[PDB]
Amino acid sequence: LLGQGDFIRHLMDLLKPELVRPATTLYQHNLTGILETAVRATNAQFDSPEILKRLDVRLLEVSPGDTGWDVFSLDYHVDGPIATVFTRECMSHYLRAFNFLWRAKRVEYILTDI
Amino acid sequence: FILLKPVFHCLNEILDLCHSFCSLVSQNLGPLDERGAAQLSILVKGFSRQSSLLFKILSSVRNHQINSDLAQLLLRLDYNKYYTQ
Amino acid sequence: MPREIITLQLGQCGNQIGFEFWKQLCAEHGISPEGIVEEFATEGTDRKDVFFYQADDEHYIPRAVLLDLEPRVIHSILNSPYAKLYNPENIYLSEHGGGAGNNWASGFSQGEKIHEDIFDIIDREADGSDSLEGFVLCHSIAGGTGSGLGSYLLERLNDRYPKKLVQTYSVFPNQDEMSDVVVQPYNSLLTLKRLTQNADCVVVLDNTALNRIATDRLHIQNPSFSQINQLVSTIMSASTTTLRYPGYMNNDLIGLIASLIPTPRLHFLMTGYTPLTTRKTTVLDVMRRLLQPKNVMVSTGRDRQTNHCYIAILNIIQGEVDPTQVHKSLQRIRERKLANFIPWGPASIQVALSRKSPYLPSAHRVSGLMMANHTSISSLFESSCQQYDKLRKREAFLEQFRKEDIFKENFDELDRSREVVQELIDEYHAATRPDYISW
Amino acid sequence: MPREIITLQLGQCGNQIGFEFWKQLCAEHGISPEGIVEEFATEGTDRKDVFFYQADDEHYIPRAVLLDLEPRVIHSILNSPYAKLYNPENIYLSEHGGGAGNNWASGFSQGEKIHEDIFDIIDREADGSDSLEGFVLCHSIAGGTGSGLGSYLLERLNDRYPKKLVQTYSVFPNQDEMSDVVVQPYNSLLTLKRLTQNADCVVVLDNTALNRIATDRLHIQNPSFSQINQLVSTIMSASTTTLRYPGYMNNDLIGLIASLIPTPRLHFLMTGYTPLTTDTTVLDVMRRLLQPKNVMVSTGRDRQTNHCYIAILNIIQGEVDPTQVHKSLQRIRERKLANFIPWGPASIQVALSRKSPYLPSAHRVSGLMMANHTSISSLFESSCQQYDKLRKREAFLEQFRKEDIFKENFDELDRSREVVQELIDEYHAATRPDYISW
Amino acid sequence: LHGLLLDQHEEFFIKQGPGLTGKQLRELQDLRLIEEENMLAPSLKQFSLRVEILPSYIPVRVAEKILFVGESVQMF
């Protein structure tokens, strides 16, 4: 839900350097490694390893006409009963909310960077 | 980086070049004959080709799968970027 | 990544303030005097890596540098129980404990001469930072080392860390007290030109205002520098509160400073802290308490002709705040219409609700920091300019300046500093005009 | 098969360096002054067979010789507690204690006079060594025994072991002090010419910059030869750390030599040691060594010369995380803290090692820096200028004419100057990006 | 107890045998399979589940655990 925001800031510094690139550079193994490194560096290292295994990354749509800040998206692997406690419509609503939040966060980080 | 077949072929070419260059160098003790001069030119060309293809292939490999070893090795390899030049 | 900040407490005043602030911050983080993190603080969520360097023994060696031109203060700090907390490799004390003798020229001379040691320690600290946010320098401009060395340090740090942030607790001279050094105006002029040219923020700490507030609010009769340093420690821990408490929004100081100083030349903002004491204020109650001009810790000339408008106001309030009551109280305060903003644009009234550090015990349920930008400080700038001008017109204390290389040739550096200060004051008057858009 | 190294301690300075390095090696491998291996080193992981011969009584006898043209130094070496550690049969000291008097010509004459003894000692040591790689000579190119003995011994060793490596630890005299022997410049030139003609590498250890480091970082007011010798012993143990700790890769010195001198002529390197101060991440250690004040080698800092680290190597001994090393590489490369030769990629080597178990370290991370930086060409130019200046006045050339090296003429000095000039020119070509084509 | 599955008449249900994140995982899996086909894929399991004769009441996970136990017993 974009809570602890230090990881968000660090990931912004790491990804905006890469989100300037186009969607044709869709190599998110580096993105996942960056997620792991951010967890190991920012205060989210205390997050449970299972919480990190629920965490994931999935780019919503492909758009080379949009930088990484417009095609990049995250993913949340829910497990078992918790996955049965996350509806697909609920998942879509949460995805839309996270998209709006990420757009706002991109705007805010852009302002800070400017 | 074992399973890649293109990596295997590139390594075969590079290893054959290294063995041939080592053999030519060690066999010659004085001035290299016309074979030695052709070998020196060919070795310079082959080393340059191997280095360039290595830069390109290392970029592609670091792009392809989860391997930070390639990134670290490239960081060590391009230290003055003359090899990268 | 993380955003570390390195604090340099320089000179006697800066070093004592740094010691007090280190005590306050360590208490906020639950740190023992031997550098040992408490077992109750072993589960803290504070991003200690930014400002305290957790050694391999989990010992938070503060990213703090202690500078003193008199070896007495350095010895006293290493004689305190907090001697073991800071890295001795980060402790630099001049063997020539003569300092600058309250002369900026000698201060800059010594600062440039120890730029070897200064830059060496700076590199020793900087190489240890992962994604350091910036550096903070706390020093007194009235000292000669503080003035000239501050100027030299501003330029030299804009060189050694040209891409790193420069924040400073510029302990401004007491605007109410008669300076014993007439050329202390010239030293301050050099340090202020250095502030405007090679320092990113001049946090003028008015000793006159500090004494007035200490005697008023805490009822301190003949306040010692100890209580002033305690208040400074409180203010510093309030500034580091966002670093101590991990949050969700505006977690970077980029956003706070962007809401603070939109104008590059207007790099100076004033601050106040609460609770300031030796009745739990609600959102609106604490707001009115800070709104009291008697609660101001800055002695900016009360020029009613200068329509000093709080161009910025920020309430960084840590404690129990109700968001719906917050909306209601914000509406009420805007109806109160008690503040003036820069007419070139809307009024900056920023409110941040924060959670307190679990290692810091609080007597007040809510504590708030009030940061504002108002044109009344330009009156204090005019007062300082007039004092400097009176010193220049009297050619006062120019003998030691001519004995020093800065004024051995001429005080044209002082003239340039005065011109820059005049330009800044004029820009401040243009800001007091809504026409600052074109100024 | 072990690669034995014969340690030569020649001249007063060389003998002191050999004794100090032997003491350091004995301490690192847990060898007592009588050579007996300490109980704490009974499980020592150092391959003591390499540079020392372990006895049938477990006494480490370093494959080292303390040779002096004057009996004072030889007697002191055999009078030290570490005398019983070494094999006396490998120690040859000239009974004629006259030395060469800081003359390379007289030193070469004496070396040729004892060529039978010196060559016999070399042959006896090689027959006592299974796969001896070569010998290392620690001495000064200006002293009496030092300069001339080094030149003559270089000739005799290039004759005796053409297929073996030749290493010389040229303890260079302090270049900041006016040498009492003006022909000591000629002696240094002759020793350097002999090194260039019959030796594969001379490790110039600048006593001037070593003393500068001792005074600045070690706070040794008027630093003594004892202090410089202790620093040299520490550096020698750092150079032998890979032998004191059995490693898994690059365990052969062939790679070290090959990366040290890509050009067989360009075989000179500048050294650094850490911790170098009066009594750890990869990037932090790199920056600490990158402080140029930590370098104890007086290589001319010619701003006109495009000095660049042709080679840079950090032998890091202590705890470093491999991921920390990768991050260190990233940070240091971003800082571009080193200028490499422009003719190719930059050589920045990191060798993580473990301390010899018998050696306790007050500093968790200690390092040996090997940098082939083109600033040494200025030091070569300074040496050439000093040789030309001593020759120009022909001062004390009468004593050279009494000496065989200059009895006919000073052509040996001229050849040494020509060799130094050729090396300096090749170094300037190396500083030029044409170095690949130079 | 021993991995013994005597089927002289084949009376048993066990037969003696021998989305970007998703896209990245699929690519990595293709590379890993290419790696494994070359020198991996070691001696196949001596047993297997003859699911043609599988009991309609026996849980499949139970069968998997039982197969693991039997294979371990045979290996031991």
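Observations, loosely collected:
- Conditions (1) within 30 Å of A:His77 (Cα to Cα); (2) out of contact with any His (no Cβ under 8 Å at 6 or more places or on another chain); (3) within 14 Å of another protein chain (Cβ to nearest Cβ): number failed by E:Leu28: (2)
- Subset of the stretch C:45-85 (residues that are hydrophobic (A, V, I, L, M, F, W, C), surrounded by 18 or more Cβ atoms within 10 Å (Cβ to Cβ) and assigned to a helix (DSSP H, G or I)): C:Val50, C:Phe51, C:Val73, C:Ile74, C:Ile77
- Any hit, the stretch C:92-103, residues being surrounded by fewer than 22 Cβ atoms within 10 Å (Cβ to Cβ), out of contact with any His (no Cβ under 7 Å at 6 or more places or on another chain) and more than 30 Å from C:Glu399 (Cα to Cα): yes
- Looking across the stretch B:51-65, the residues that are within 10 Å of chain A (Cβ to nearest Cβ) and crowded, with 17+ Cβ neighbours inside 10 Å come down to B:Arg62, B:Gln65.
- Any hit, the stretch D:404-416, residues being among the acidic types (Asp, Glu), over 30 Å from D:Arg303 (Cβ atoms) and surrounded by 18 or more Cβ atoms within 10 Å (Cβ to Cβ): yes
- Taken over the stretch D:158-184, the criterion of being surrounded by fewer than 24 Cβ atoms within 10 Å (Cβ to Cβ) and in a helix (DSSP H, G or I) is satisfied by D:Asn158, D:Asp159, D:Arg160.
- Checking each residue in the stretch C:256-266 for being surrounded by fewer than 18 Cβ atoms within 10 Å (Cβ to Cβ), closer than 20 Å to C:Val351 by Cβ and in contact with a helix residue (DSSP H, G or I) (Cβ under 8 Å, 6 or more places away or on another chain) picks out only C:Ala258.
- Only listed residue being outside any helix (DSSP H, G or I), within 13 Å of the chain's Cα centre (by Cα), of a type in the set (A, V, I, L, M, F, W, C) and more than 12 Å from chain E (Cβ to nearest Cβ), chosen from A:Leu14, A:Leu2: A:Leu2
- Wholly within the stretch D:216-298, helices (runs of 4 or more DSSP H) carrying at least 3 residues that are closer than 29 Å to D:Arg333 by Cβ: D:225-239, D:253-260, D:282-290
- Conditions (1) surrounded by fewer than 19 Cβ atoms within 10 Å (Cβ to Cβ); (2) within 14 Å of chain D (Cβ to nearest Cβ); (3) assigned to a helix (DSSP H, G or I): number failed by C:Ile122: (1)
- Looking across the stretch A:35-58 at every residue that is in a loop (DSSP other than H, G, I, E, B) and under 15 Å from A:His77 (Cβ atoms), the one that is nearest to the other protein chains (Cβ to nearest Cβ) is identified as A:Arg58.
- Odd one out for D:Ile315, checked against (1) β-branched (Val, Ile, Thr); (2) more than 30 Å from C:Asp130 (Cβ to Cβ); (3) out of contact with any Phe, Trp or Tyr (no Cβ under 9 Å at 6 or more places or on another chain): (2)
- Test: residue in the stretch E:56-65 that is in a loop (DSSP other than H, G, I, E, B), surrounded by 12 or more Cβ atoms within 10 Å (Cβ to Cβ) and within 12 Å of the chain's Cα centre (by Cα): no
- Scan of the stretch C:291-318 for residues that are surrounded by fewer than 20 Cβ atoms within 10 Å (Cβ to Cβ) and touching a strand residue (DSSP E or B) at 6+ places or on another chain (Cβ under 7 Å), ordered by number: C:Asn295
- Number of the exception - C:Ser80 against (1) closer than 18 Å to C:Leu153 by Cβ; (2) out of contact with any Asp or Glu (no Cβ under 7 Å at 6 or more places or on another chain): (1)
- Residues in the stretch C:56-107 that are within 21 Å of C:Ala41 (Cβ to Cβ) and aromatic (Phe, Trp, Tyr): C:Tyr60, C:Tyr82, C:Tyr86.
- Top-ranked residue in the stretch B:64-83 [being out of contact with any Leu (no Cβ under 7 Å at 6 or more places or on another chain) and assigned to a loop (DSSP other than H, G, I, E, B); ranked as nearest to D:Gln349 (Cα to Cα)]: B:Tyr79
- Exactly one residue out of C:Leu269, C:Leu276 is buried (at least 19 other Cβ atoms within 10 Å of the Cβ), away from every other protein chain (no Cβ under 14 Å) and in contact with a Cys (Cβ under 8 Å, 6 or more places away or on another chain): that is C:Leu269.
- Search result, residues across the stretch C:199-216 that are touching a strand residue (DSSP E or B) at 6+ places or on another chain (Cβ under 6 Å) and either over 16 Å from C:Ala142 (Cβ atoms) or among the small types (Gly, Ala, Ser) (or both): C:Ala199, C:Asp200, C:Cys201
- Yes/no for C:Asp415 being within 28 Å of the chain's Cα centre (by Cα) and acidic (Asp, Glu): yes
- For the stretch A:19-34, the candidate set comprises residues that are buried (at least 17 other Cβ atoms within 10 Å of the Cβ) and more than 9 Å from every other protein chain (Cβ to nearest Cβ); within that set, the residue that is farthest from A:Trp69 (Cα to Cα) is A:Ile34.
- With respect to the conditions (1) more than 12 Å from every other protein chain (Cβ to nearest Cβ); (2) within 23 Å of the chain's Cα centre (by Cα); (3) of a type in the set (A, V, I, L, M, F, W, C), D:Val350 falls short on a single one, namely (1).
- Number of residues in the stretch A:6-18 that are among the charged types (D, E, K, R) and either on the phi > 0 side of the Ramachandran plot or surrounded by fewer than 20 Cβ atoms within 10 Å (Cβ to Cβ) (or both): the value is 3.
- Near pairs, Cβ below 8 angstrom, 6+ apart or cross-chain, from the stretch B:66-85 (more than 9 Å from chain D (Cβ to nearest Cβ)) to any residue that is aliphatic (A, V, I, L, M) and surrounded by fewer than 16 Cβ atoms within 10 Å (Cβ to Cβ): B:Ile66/E:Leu28
- Test: residue in the stretch E:38-52 that is part of a helix (DSSP H, G or I) and away from chain B (no Cβ under 14 Å): yes
Every read-out reported here was derived from the displayed coordinates using simple, explicitly stated rules and does not represent laboratory data. All Cβ positions, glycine included, derive from the backbone under ideal geometry; neighbour counts span all protein chains shown.
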